[PDB]
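Residue numbers (the deposited numbering), protein chains in the order written: chain D, 3 to 58, 65 to 442; chain E, 3 to 58, 65 to 83, 87 to 442; chain C, 2 to 58, 65 to 81, 87 to 221. C-beta atoms are modelled at their ideal positions from N, C-alpha and C, and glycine is treated no differently. To keep things clear, I will list the structure first and then write my remarks on it.
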Amino acid sequence: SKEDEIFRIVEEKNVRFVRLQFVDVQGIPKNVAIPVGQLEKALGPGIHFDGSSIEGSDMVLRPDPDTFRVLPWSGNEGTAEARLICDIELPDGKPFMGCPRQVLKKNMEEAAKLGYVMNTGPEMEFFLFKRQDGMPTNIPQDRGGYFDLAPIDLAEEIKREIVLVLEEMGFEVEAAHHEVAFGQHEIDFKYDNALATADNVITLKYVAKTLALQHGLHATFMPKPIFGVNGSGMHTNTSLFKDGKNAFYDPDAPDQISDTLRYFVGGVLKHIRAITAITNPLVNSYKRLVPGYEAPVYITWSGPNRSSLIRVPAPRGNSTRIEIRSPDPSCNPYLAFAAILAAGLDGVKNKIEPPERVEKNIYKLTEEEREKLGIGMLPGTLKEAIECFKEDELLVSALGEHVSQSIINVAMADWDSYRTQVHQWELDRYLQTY
Amino acid sequence: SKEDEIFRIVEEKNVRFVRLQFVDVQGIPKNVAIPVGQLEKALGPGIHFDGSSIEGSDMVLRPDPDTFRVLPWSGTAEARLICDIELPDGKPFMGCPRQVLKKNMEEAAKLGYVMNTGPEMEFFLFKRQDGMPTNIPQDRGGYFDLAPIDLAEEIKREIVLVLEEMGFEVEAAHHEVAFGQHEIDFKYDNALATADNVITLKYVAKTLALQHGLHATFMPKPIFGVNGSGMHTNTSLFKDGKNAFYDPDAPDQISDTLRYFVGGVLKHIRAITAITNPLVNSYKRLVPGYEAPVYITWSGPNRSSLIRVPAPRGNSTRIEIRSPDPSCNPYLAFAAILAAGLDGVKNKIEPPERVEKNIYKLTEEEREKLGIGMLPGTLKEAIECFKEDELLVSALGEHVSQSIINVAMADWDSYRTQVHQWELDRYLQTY
Amino acid sequence: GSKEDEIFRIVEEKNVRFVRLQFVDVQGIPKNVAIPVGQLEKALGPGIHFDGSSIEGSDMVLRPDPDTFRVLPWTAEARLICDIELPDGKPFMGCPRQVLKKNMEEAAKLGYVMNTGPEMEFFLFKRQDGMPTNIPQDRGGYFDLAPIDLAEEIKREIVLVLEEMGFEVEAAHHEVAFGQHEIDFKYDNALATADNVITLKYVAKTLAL
Ligand SMILES: [Mg+2]
Ligand SMILES: [Mg+2]
């Protein structure tokens with residue numbers, strides 16, 4: 003069985019400690035390290051812990073046997089370490105609704121009842137910065153540009169190690185390359201189910217940050233670490249499958265795009281202002297949603313030639329898909345995919361027609377011509393997105409009252425602290441003159 | 003005449019250069035230095051210059073003879092003249108803040124109304140490191156503290172002395188709550204003379220602080236976590252020489268004119284905030300836990316509301332508007348309070364009920380029950396309210412109103428896109 | 002009144018330009034409102050208004072005591093110890109000076125008058141980078157003489173400045189600890205002595221700086 007396979011890998015690789023991984027509402031990885039002697043107890047009745055960490065009391069860690077992986081960084085004296093992604097459940101046995109992984113599982117099960125399965129293939133952007141006096145900085149390690157090659161791209165050895173470590177954990181990567189900004193990089197993931205992809209996103213962040221520290225560097229998935237340069241985004245390539253076949257493909261329809269694609273796009277665009285609170289959750293995420301950079305700011309959908317919020321690429325057949333370009337890599341992937349699934353399926357169910365495709369360059373258009381087409385804007389601040397998310401009854405019910413309230417409480421605690429602060433820009437702009 | 007008196011003071015004090023002072027829409031003092039030989043030309047046909055500096065094209069400087077003063081820092088001596096801006100043809104430039112206040116005062120004078128203002132000017136005195144100003148307090152003093160706890164007594168003594176040498180009367184000066192913070196309380200005078208005096212104080216305080224290797228700043232919130240600098244404007248309205256705010260037969264000896272004036276100011280207070288609190292930093296001062304008002308309420312002396320009604324009666328009857336900060340343009344600020352206050356008197360606008368309870372101590376559910384509004388939270392939020400206020404846009408003129416909106420939104424669009432250090436401190440290590 | 006006429010004579014004679022309306026909070030820390038000499042007539046008449054929240058640690068009037076007008080020996089500056097009253101005119105019972113005045117008036121009803129002569133001990137420490145320290149300026153002992161007592165000029169200046177303000181000291185000497193000193197005060201009524209104690213602390217800290 004899978005438990006017997008785990009114990010054979012334990013004896014083979016000499017695993018002595020196991021990490022019971024899990025994530026809080028903010029997407030930050032948390033864990034409980036247990037010696038290998040307690041692994042039988044973990045896979046059976048489960049390990050007890052304090053659930054106050056998830057929000058931002066007594067509960068049980070339920071390891072997923074399919075997620076057992078040996079960490080490739082070999083420990084001291086030939087001893088090895090292993091990890092297990094866990095689901096949280098209450099002492100009675102019921103699943104705890106505040107767990108982000110359980111929320112995505114619920115939403116996927118609701119989609120499975122109607123024969124729908126969503127596949128996600130995210131484009132993970134990140135920065136590799138230098139360290140000064142043991143603390144991380146926002147100084148790029150390299151001064152490279154778009155798709156640059158070494159010695160212009162100095163982070164080729166570390167990126168090579170990241171993809172190698174991921175392959176050693178049942179993770180297949182499509183491609184990796186240097187991005188527009190200095191020290192910025194991207195790792196494009198292969199398509200997989202929403203749960204496996206979200207598990208993979210968390211693993212990548214953990215591996216990238218761990219291997220960066222090994223080389224005296226700091227990897228960050230922050231949306232906008234440096235002003236004036238491109239920000240890190242998570243473009244989520246999304247495809248919906250109904251009974252094994254691609255629900256987004258119709259060979260007889262115009263552009264070979266099915267009605268299900270248009271209704272899915274219409275549903276996502278209807279709740280996109282609310283989804284932004286989940287997919288762009290930090291105060292810094294709105295410093296990325298500014299014009300002049302790769303990131304979408306206006307609420308439009310179009311073909312491949314124009315860069316918009318939702319982009320429908322050329323590939324057809326089983327590769328028919330949409331690309332939601334608004335999220336950033338700092339979002340909780342479990343919640344981001346659950347929110348996209350719930351909004352997209354509501355569009356398919358209620359037959360929500362999306363607005364007309366804006367093929368023209370939206371950035372070049374004047375502010376007068378945008379209102380005429382009914383073009384909207386993504387939220388400008390975190391408070392503005394949280395206010396829209398609070399009123400979206402669909403997403404609050406899809407994520408649950410526990411997760412939704414925790415997102416609002418953490419975001420408003422950060423906002424209230426950020427708004428009262430006196431930033432250096434104000435001293436630079438007003439201290440000498442006034 | 004006044005021109006003959008000017009030339010007598012010139013020959014007596016040996017004045018060799020005169021500064022033709024004026025201010026832009028942001029309240030920053032600007033000037034044209036001319037040698038004394040050109041003083042006759044300035045007082046007669048006027049000196050020409052480029053008026054695009056007021057925005058932030066050609067015009068003439070019209071010196072006000074009543075504002076001729078010799079600068080006490082002996083050079087040969089120097090003198091100054093506050094100027095009004097006029098177009099080459101002779102008509103007044105509506106974009107000049109001083110002319111805007113003068114208009115609004117002339118409109119009030121037609122109705123027999125004269126507004127007297129006595130502002131409480133708060134400011135900070137910071138150290139200078141490597142020739143550049145800092146936000147490090149020079150002293151570690153508190154509220155009303157005395158030397159050696161208040162190390163800025165000689166600089167303050169020197170400020171009030173220099174002001175007295177320029178026909179300026181100060182009521183009192185003291186150390187404020189925050190470290191290195193101080194306050195200079197001015198006495199009552201007409202809105203124009205008071206606004207001229209406010210600009211002079213900022214110029215003198217900053218000049219004298221540089222002489223002592225320090226930096227004086229009128230910034231609303233230079234340091235996070237400590238009290239911010241405010242400009243509490245003690246306001247009194249006079250009708251035909253008598254105090255229009257006093258009525259001995261009315262309850263609490265408050266005339267109906269006071270109530271209607273307060274009602275008018277509170278109706279347009281969200282829009283006035285764009286003028287009286289014009290910087291992005293001004294909204295970091297409008298936060299709870301400090302002396303600055305945040306909720307839109309008016310009350311008696313014991314409670315600290317947006318508008319206060321102090322105990323003194325008779326000719327000293329007055330209100331205290333405590334929302335403005337010392338970074339505002341005083342000419343435009345007093346014009347906005349006069350226009351809003353007079354609209355309340357004209358249209359008989361009844362103010363809301365007095366909130367005598369401590370507003371900060373009440374919970375949000377209690378504040379919601381009493382219907383207490385809040386001042387704008389951001390500069391963008393106040394400018395949106397100012398854009399819709401047709402009264403204030405017409406009182407300040409389409410030229411001044413548009414310049415305020417253009418400068419504020421240029422600062423807001425630059426500030427909102429910036430990545431501040433708080434974000435790196437809160438997200439860089441974890442994400 | 003005549004005491005007021007006396008004050009304005011000293012103002013023109015010594016060229017006083019600013020006056021400090023001194024007062025004290027519940028903790029004994031001296032507080033003041035600096036007013037230009039033009040407002041001195043307003044202070045001695047209807048009084049100067051201020052915020053009474055400082056006395057605790065919101066609107067009151069400063070009532071200067073004309074007998075406490077003294078020119079600061081360091087254009088000249090002058091001081092006036094003030095009593096606090098509420099805007100209506102009643103004395104504020106939160107003012108420490110008014111509290112001692114009350115208790116003395118009760119004692120005066122029973123024909124009793126208390127005289128106090130305190131022995132004021134203090135330390136004179138060095139300053140490092142403009143901030144105060146607890147490092148003794150001198151390495152002297154009990155009743156020591158210079159050069160063992162380095163603070164003899166500062167103590168001489170303190171007593172000289174006090175004498176120039178209608179203040180008489182009995183004796184001064186170095187104390188047991190390093191950099192410690194004592195100034196023994198002459199006998200006087202509780203109010204005058206308390207006014208004198210506040211003045212000594214202000215003068216000693218000012219001359220030390
Ligand atoms: Mg993309
Ligand atoms: Mg006040």
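query: Contact test: E/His243 Cβ vs ligand 2 heavy atom, cutoff 6 Å; result: yes
query: Proximity below 7 Å, CB of C/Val215 to CB of C/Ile170; result: yes
query: Listed by chain order, chain C residues near E/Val276 by CB distance under 7 Å; result: Within 7 Å Cβ-Cβ: nothing; E/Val276 doesn't reach chain C, min ~21 Å.
query: Close beta carbons around D/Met105, own chain, < 6 Å, minus the five adjacent residues each side; result: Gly408 and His410
query: Check: D/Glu194 C-beta below 6 Å from any heavy atom of ligand 1; result: no
query: Element boundaries [beta strand (DSSP E), containing E/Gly129]; result: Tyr124 to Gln140
query: Sufficient close CB pairs (3 or more, under 8 Å) joining the stretch 316 to 326 of chain D to the stretch 176 to 187 of chain D; result: no
query: Bridge-paired residues (DSSP) for E/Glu331; result: E/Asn245 and E/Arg319
query: Inter-stretch contact at 8 Å, needing at least 3 Cβ pairs: the stretch 200 to 210 of chain D / the stretch 302 to 320 of chain D; result: no
query: Neighbour-count burial assignment, D/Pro299, 16 or more Cβ in a 10 Å radius; result: exposed
query: Identified DSSP bridge partners for E/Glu97; result: E/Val68 and E/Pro103
query: Local conformation of D/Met143 per DSSP, three classes; result: strand
query: Local Cβ density within 10 Å of D/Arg296, reported as buried at 16 or more and exposed below that; result: buried
query: 8 Å contact criterion, which C/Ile56 and C/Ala44 should meet: CB distance rounded; result: No, C/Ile56 and C/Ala44 are not in contact; Cβ-Cβ is about 18 Å, not under 8 Å.
query: Any non-hydrogen atom of ligand 1 within 6 Å of D/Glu131 CB; result: yes
query: Contact set between C/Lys32 and chain E, taken where Cβ atoms lie within less than 7 Å; result: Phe155, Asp156 and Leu157
query: Beta-bridge partners of E/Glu89, as assigned by DSSP; result: E/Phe19
query: Three-way DSSP call (helix, strand, coil) for C/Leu221 in this model; result: coil
query: Minimum Cβ-Cβ distance from E/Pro144 to chain D less than 7 Å; result: yes
query: Option nearest E/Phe137 by Cα separation, candidates E/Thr284, E/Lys368, E/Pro108 and E/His226; result: E/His226
query: Cβ pair D/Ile93, D/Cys107 closer than 7 Å; result: no
query: Partners in chain E for C/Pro37, counting only beta-carbon separations shorter than 7 Å; result: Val171, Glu175 and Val181
query: Three-pair Cβ contact test at 8 Å for the stretch 118 to 138 of chain E versus the stretch 108 to 117 of chain C; result: no
query: Any C-beta of chain E under 7 Å from that of C/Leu221; result: yes
query: Alpha helix (DSSP H) segments (min. 4 residues) lying fully within the stretch 373 to 439 of chain D; result: 375 to 380, 390 to 399, 401 to 428 and 432 to 438
query: Helix, strand or coil at residue 85 of chain E according to DSSP, with G and I counted as helix; result: Gap in chain E between 83 and 87; residue 85 of chain E lies inside it and carries no coordinates.
query: Buried versus exposed, by CB contacts within 10 Å (16 or more), E/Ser54; result: exposed
query: Assigned secondary structure, D/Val12 (DSSP; H/G/I helix, E/B strand, else coil); result: helix
query: Contacts around E/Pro159, its chain only, beta-carbon distance under 8 Å, and the 5 residues preceding and following it disregarded; result: none
query: Rounded Cβ spacing between E/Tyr306 and E/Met385 (contact assumed at less than 8 Å); result: 6 Å
query: Three-state class that DSSP yields for E/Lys32 in the structure shown; result: strand
query: Straight-line gap, C/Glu13 to E/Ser82 (C-alpha atoms, nearest Å); result: 25 Å
query: Per-residue contacts from C/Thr211 into chain E (C-beta, under 8 Å); result: Residues of chain E passing the Cβ test: none, with the nearest at roughly 11 Å.
query: E/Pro289 classed as buried or exposed, judged by whether at least 16 other C-beta atoms fall within 10 angstroms; result: buried
query: Assigned exposure category for E/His193 - 16 Cβ within 10 Å defines buried; result: buried
query: Within-7 Å CB hit, E/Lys391 to chain D; result: no
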